[PDB]
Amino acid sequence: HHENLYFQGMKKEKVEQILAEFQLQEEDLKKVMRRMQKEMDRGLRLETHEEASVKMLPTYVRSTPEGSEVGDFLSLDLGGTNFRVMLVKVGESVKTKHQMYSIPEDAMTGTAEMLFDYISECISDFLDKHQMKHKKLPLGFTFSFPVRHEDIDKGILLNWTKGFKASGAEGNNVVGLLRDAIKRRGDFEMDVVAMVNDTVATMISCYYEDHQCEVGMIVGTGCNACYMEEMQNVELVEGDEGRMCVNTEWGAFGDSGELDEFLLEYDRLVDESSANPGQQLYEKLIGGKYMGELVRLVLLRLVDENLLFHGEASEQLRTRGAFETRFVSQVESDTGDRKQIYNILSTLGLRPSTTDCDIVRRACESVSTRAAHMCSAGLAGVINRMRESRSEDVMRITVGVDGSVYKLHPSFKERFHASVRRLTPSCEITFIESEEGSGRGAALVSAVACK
């Protein structure tokens, strides 16, 4: 029961008024883009690097060649909820072997020793499954966190992001932490030859297929980008010849107040309840670690206004992280019959009407569309800066992308591409989705590094 088309209609109208707060006009996006570009300039310069919210970290991945190595390379990938080990065969590359491991909650939030001991145990497990513990292979490490590099194989962790909190890691050489754990176990040997961000590994894997790929982007649990900067603009590294990949760490844009006028009550609540309050604010508008949670908080506001579920939220709806980001993708994948929406909501202990289902869809669309538009201003800022630094009338460029939000959300991609295009006149941008990018890229970079 609960009919009346006129009253259902009035509830939808009040919902729209609340949802309108998520809207960003073209001018707001150009403003965000200009502010991002301003922060990127600040991050690159010696004079402002320490204060810059957007770190623009030199990765020591350079335009080459070189001296390419053939054969077997091991890739490690840490930075999601899962840890991946991959064996890559490079000839003249093919993902020959792969294993994913779930990281225990106690290892992400315990000590660095526990985390790296777990990683070492997973490497032993992989080597045994393929009978190769005795072979000492070159190892590429994709490590998806902000790192201050001294070289391709040496870098310090600046700070954990995305809920990681292992003590004794920040301020230490990450390659050293990995090497020390392998040594404490003592049942295999590996030569760690490179450590790269996941944006970087993604870019490298896509570049291998297409040489116009000089930008890497992640829109997964977190959100970040890297790009090939001119060495003359990389003031933190001596030399003006060629190019070097720069890990923007754009997720931290807004940490100095640059997004203040766009932050909503839901954003403040997500931030305050996160593992890193006041940090990674731009990432908190886009990343899959936060998207579902933003939707959950919007639904609770609509419940509070007596506009959804008869003003009654279930225990599950009032549970932190219960509205998963994958539910946002599934709700927006609904064909019109409301079946997928009904199922998600019924499993959350709710008894939704048809109107409740439509309202949940609009809340999802509002959060994910805003995520798409904010992300577009960041990518457009990077590409426009590249066009300018390369003094190109028309810049043709390829962007390699990975991450479950970009890949799996039914409309994020389309909304994001349309907005990027509007903000990048005189740019011809090709987007390529990476196939095992944050794994193959680390082995490929190791093949270039090993000799």
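Whichever C-alpha set is largest while still superposing within 1.5 Å between the two forms counts as the rigid core. Residue numbers run from 1 along the displayed sequence.
Asks: Taking the root mean square of C-alpha distances over all structures and residues in 8 other deposited structures of this protein, with a rigid core superposition, name the larger of 184-192 and 123-131.
Replies: Evaluated in 8 other deposited structures of this protein, the stretch farther from the shown form is 123-131.
Asks: Find the stretch among 36-44 and 384-392 with the larger RMS C-alpha deviation in 8 other deposited structures of this protein, all structures being superposed on the shown form by the rigid core.
Replies: When 36-44 and 384-392 are compared in 8 other deposited structures of this protein, the bigger C-alpha shift is seen for 384-392.
Asks: Scan the PDB entry between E92 and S93 and report the missing deposited residues as one of none, 1 to 3, 4 to 9, 10 or more.
Replies: Count of unmodelled residues in between: 4 to 9.
Asks: Select between 96-104 and 205-213 the stretch whose C-alpha atoms have the higher average B-factor in the entry.
Replies: Taking the mean C-alpha B-factor of 96-104 and of 205-213, the larger value falls to 96-104.
Asks: So 394-402 or 60-68, which one's hotter by mean CA B-factor in the entry?
Replies: Taking the mean B-factor of the alpha carbons in each, 60-68 is higher.
Asks: If I read the C-alpha B-factors straight from the PDB entry, which of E235, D128, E121, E293 is highest?
Replies: Of the candidates given, the C-alpha B-factor peaks at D128.
Asks: In the PDB entry, which of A194, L158, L87, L379 has its C-alpha at the highest B-factor?
Replies: If I rank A194, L158, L87, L379 by C-alpha B-factor, first place goes to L87.
Asks: Which third, lowest, middle or highest, does the CA B-factor of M190 fall in along this chain?
Replies: Within its chain, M190 is a highest-third residue by C-alpha B-factor, going by the deposited values.
Asks: Could you tell me which third, lowest, middle or highest, the C-alpha B-factor of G80 occupies within its chain?
Replies: Highest third - that is where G80 ends up once the chain's C-alpha B-factors are sorted.
Asks: Consider only the C-alpha atoms of the modelled residues in this chain, order them by B-factor as the entry records it, and name the third containing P146: lowest, middle or highest.
Replies: Lowest third.
Asks: Would the CA B-factor of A166 place it in the lowest, middle or highest third of its chain?
Replies: Highest third of the chain for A166's C-alpha B-factor.
Asks: For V54, does the deposited CA B-factor place it in the lowest, middle or highest third of the chain?
Replies: Lowest third of the chain for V54's C-alpha B-factor.
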